[PDB]
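# Working through the structure, step by step
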Amino acid sequence: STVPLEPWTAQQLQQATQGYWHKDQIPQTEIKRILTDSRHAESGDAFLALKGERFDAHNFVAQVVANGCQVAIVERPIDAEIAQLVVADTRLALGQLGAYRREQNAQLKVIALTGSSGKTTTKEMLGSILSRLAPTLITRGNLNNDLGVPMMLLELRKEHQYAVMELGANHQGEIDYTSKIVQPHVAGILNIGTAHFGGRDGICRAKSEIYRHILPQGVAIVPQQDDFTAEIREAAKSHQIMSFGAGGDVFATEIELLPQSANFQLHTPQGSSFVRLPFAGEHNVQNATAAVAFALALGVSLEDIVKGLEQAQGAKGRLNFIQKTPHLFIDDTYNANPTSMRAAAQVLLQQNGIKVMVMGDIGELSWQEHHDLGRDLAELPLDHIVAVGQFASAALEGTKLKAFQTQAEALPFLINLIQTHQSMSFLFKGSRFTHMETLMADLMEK
Ligand SMILES: Nc1ncnc2c1ncn2[C@@H]1O[C@H](COP(=O)(O)OP(=O)(O)NP(=O)(O)O)[C@@H](O)[C@H]1O
Ligand SMILES: [Mg+2]
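Residues numbered from 1 in each chain as written, not as in the entry; some residues may be left out. Chains lettered and ligands numbered in written order. Heavy atoms only, no water. Residues with missing side-chain atoms left out of burial classes, pairs and counts.

This deposited entry lists X-ray crystallography as its structure determination method and 1.8500 Å as its resolution.

## What to know about the sheet that holds strand β9 (residues 136-138)
Reading across the sheet, the six strands line up as β9-β10-β8-β11-β12-β13 and stay open at both edges, with parallel pairing between neighbours. Lying at the two open borders of the sheet, with one neighbouring strand each, are β9 and β13 (240-244). Between one strand axis and the next, the sheet turns by 15° as a mean value, whatever way the strands run. Pairing of strand β11 (residues 186-189) with strand β12 (residues 219-223) involves three bridges; the strand directions are parallel. Residue pairing for β12: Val186 is matched across the bridge by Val219. (Pairing = 2+ DSSP bridges. Helix = DSSP H or I, 4+ residues; strand = E, 2+ residues; numbered from the N terminus. Axes fitted to C-alpha atoms, helices over the stretch in contact; angles between N-to-C directions.)

## Observations regarding the site of ligand 1
In the region of ligand 1, 16 residues are neighbours, and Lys119, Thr120, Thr121, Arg318 and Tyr334 sit closest. Within the side chain of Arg318, an N or O atom sits 2.9 Å from an oxygen atom of ligand 1. In isolation ligand 1 exposes 650 Å². Once the protein is present, 80% of that is buried. Every element with two or more residues in the shell around ligand 1 is listed here: α4 (119-131) and α9 (282-297). (Near = heavy atom within 4 Å. Polar contact = N/O pair within 3.5 Å; in protein donor to acceptor, adjacent residues only side chain to side chain. Areas by Shrake-Rupley, 256 points an atom, 1.4 Å probe, with all protein chains shown as cover.)

## Section: the sheet that holds strand β21 (residues 401-404)
Overall, mixed pairing links the six strands, which are arranged β17-β18-β22-β19-β20-β21 in an open sheet. Strands at the two margins of the open sheet, each flanked by one partner only, are β17 (320-323) and β21. Strand-to-strand twist in this sheet, taken as the mean axis angle between neighbours without regard to direction, amounts to 15°. Pairing of strand β20 (residues 384-388) with β21 involves four bridges; the strand directions are parallel. Looking at β21, one finds that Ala387 is bridged to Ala403. Strand contacts of helix α14 (residues 410-420): β19 (354-359), β20, β21 and β22 (424-429), with the helix running at about 170° to β20, the strand carrying the most contacts. (Contact = heavy atoms within 4.5 Å.)

## Comments concerning the pairing of β20
On a regular strand, one side chain projects to one face of the sheet and the next to the other, so that they alternate. Within β20, five of the five residues are buried, which leaves the element mostly enclosed by the surrounding structure. Of the two faces of β20, the one carrying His384, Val386 and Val388 and the one carrying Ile385 and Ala387 are both buried. Taken together, the four bridges between β19 and β20 define a ladder with parallel strand orientation. Across the sheet, the residue bridging to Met359 is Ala387, located in β20. (Buried < 20%, exposed > 50% of the residue type's maximum accessible area, 1.4 Å probe, protein only.)

## So, the pattern of salt bridges
According to the stated counting rule, one finds 20 salt bridges in the structure shown. The residue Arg33 makes a salt bridge to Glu42 at a minimum N-O spacing of 3.7 Å. In this structure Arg33 comes out as buried when scored by relative accessible area, which is 14%. Its salt-bridge partner being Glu124, residue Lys123 comes within 3.1 Å of it at the nearest N-O pair. For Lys123, a relative accessible area of 2% translates into the label buried. (Salt bridge = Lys/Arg side-chain N within 4 Å of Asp/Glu carboxyl O.)

## Brief notes about α9
Every α-helix winds through 3.6 residues per turn, so residues three or four apart in the chain are directed the same way. In this model, α9 (16 residues) spans 23 Å end to end at C-alpha, consistent with the 22 Å of a helix rising 1.5 Å per residue. Just past α9, the residue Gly299 takes up positive phi, approximately 85°. (Expected span 1.5 Å × (residues − 1).)

## A short note on unusual backbone geometry
Cis geometry is found at the peptide bond from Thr325 to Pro326, where omega equals 0°. Assignment of secondary structure puts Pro326 in the loop between β17 and β18 (328-331). A positive phi is found at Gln183, a non-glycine position, where the angle reads about 55°. By the element assignment, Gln183 lies in the loop between α6 (174-182) and β11.

## Brief notes about the packing of aromatic side chains
Following the criterion strictly, the structure yields five aromatic pairs and no others. The interplanar angle of 55° and the centroid separation of 6.0 Å between the aromatic rings of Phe55 and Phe60 together place this pair among those described as tilted. We classify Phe55 as partly exposed; its relative accessible area is 42%. On the basis of relative accessible area, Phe60 is assigned to the partly exposed category, the value being 33%. With a centroid separation of 5.2 Å and 50° between ring planes, the pair formed by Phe404 and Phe413 is classed as tilted. Judged by its relative accessible area of 16%, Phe404 falls in the buried class. (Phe/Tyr/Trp six-rings, centres within 6.5 Å; stacked < 30°, edge-to-face > 60°.)

## Quick word on helix α11 (residues 338-348)
Residues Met341, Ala344, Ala345, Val347 and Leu348 constitute the buried set of α11. Angularly, the buried residues of α11 cover 155° about the axis, an arc narrow enough to put them on a single face. (Arc of directions from axis to C-beta.)

## Details of the coordination of the magnesium ion (ligand 2)
Geometrically, a metal with four donors at the corners of a regular tetrahedron has ideal angles of 109.5 degrees, and one with six donors at the corners of a regular octahedron has ideal angles of 90 or 180 degrees. In the first shell of the magnesium ion (ligand 2), the protein supplies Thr120 (OG1) and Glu166 (OE), at 2.2 to 2.4 Å from the metal. Here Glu166 lies in strand β10 (residues 162-166) and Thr120 lies in helix α4, a separation of 46 residues in the sequence. The class of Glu166 is buried, set by a relative accessible area of 3%. (Donors = N, O, S within 2.8 Å, 3.2 Å for Na, K, Ca; no water.)

## Looking at the domain arrangement of the protein
Structurally, the protein comprises domain 1 (1-87), domain 2 (88-313) and domain 3 (314-446). The straight-line distance from the C-alpha centre of domain 1 to that of domain 2 is 33 Å. On the domain 2 side, the residues contacting the 20 residues of domain 1 number 19 residues. Summed over both partners, the interface of domain 1 with domain 2 comes to about 1,800 Å²; 63% of that surface belongs to carbon and sulfur atoms. There are eight residue pairs in polar contact connecting domain 1 and domain 2. (Domains from an automatic or database assignment. Buried area = accessible area lost by both parts, 1.4 Å probe.)

Next comes the structure, spelled out in structure tokens:
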């Protein structure tokens, strides 16, 4: 990474991993950064060599030596001029290094959260709330798995008073592993979504591992309106509990959905407040109520929580409203599924001007799915539907909808829509692998 980092001593590296220095060659200078990318390691870094499926970064140690790196963390001694901390397993050692740094920072109050949807948005909301009060570390991008979580904890500094760790795992045992490294004071689940083997039951059990390592006198956060609310409350029973959602501790009433925001009355065990939330859509109201519950569990005042929500900003590709007078471009390109795709159309339906929904394929599904999506969206009063990809033909089945196999062929059509019409409102969305944000940037170019 590239943020300011607190250095490591050779002694700290060894103590965290219980490794040994090869041939007793011990670095006499401090280590400024631990990284896994052989392209970027330089003088002062420690290169930690990971292996995985058909890959082994031990193969690239000569590259980091040629580039000036003089410290490596490895599973086996390499014949090279570099100090080497030898460990049994470098994936485990990375976990231990993150766990050690988390433990050394005893001043921290720590949140861990998971869920099928809304993790990143809820994390950003908490980040806004907590960063107003003190230095706060939150998960960057998708660093939320067995490697990403400890990589994030390496960025902890003595100045940090708060940490908000997103945990992304979906499979049995994975959340136990990362949440044990994190050692949260407050943790919980936002929702259980649709089936990925194991079924939704398996997803529930996996994410319920997040309650196992909550620290003494901590708090478990539970969703009060989930299909698995009762099972999740049982999983959290060894901890003090707070809930969010209708019928729960923290909930919203008189919700008003505006074109780029949402108004509602917020209710909590610490009092109530109106909230002018600068996020669009009912799902983001739900994410706000979860952030409120997490923040109250850390003792933040309701007043500071509302101030944090009202100035919070969304992650990239999550309903970003981009004004390009006299046109609007909504960037919702981060990902897609059949449910969220229909939800996005509802947001576009609230905008002024000629409404054009540009959509790419939805993965992990498929033909019948797009057939019904193209049918349902065509019944909506959208002005134009531009379907791009391998299943655009399916959506065409069931004037309003045009289908393109490639983006290259879709770009002139979108350009022609400008000419054919008067302000336009575009919304762009597709699964991550379709990266519809290039087609959006390409239309915006001119
Ligand atoms: N609470 C929610 N319930 C249902 N869908 C939601 C919710 N919040 C967001 N979404 C949808 O999920 C998309 C991604 O939201 P995001 O906050 O990035 O979730 P995430 O849980 O971090 N995803 P991921 O890290 O890829 O597993 C949004 O663009 C919405 O379409
Ligand atoms: Mg995420």
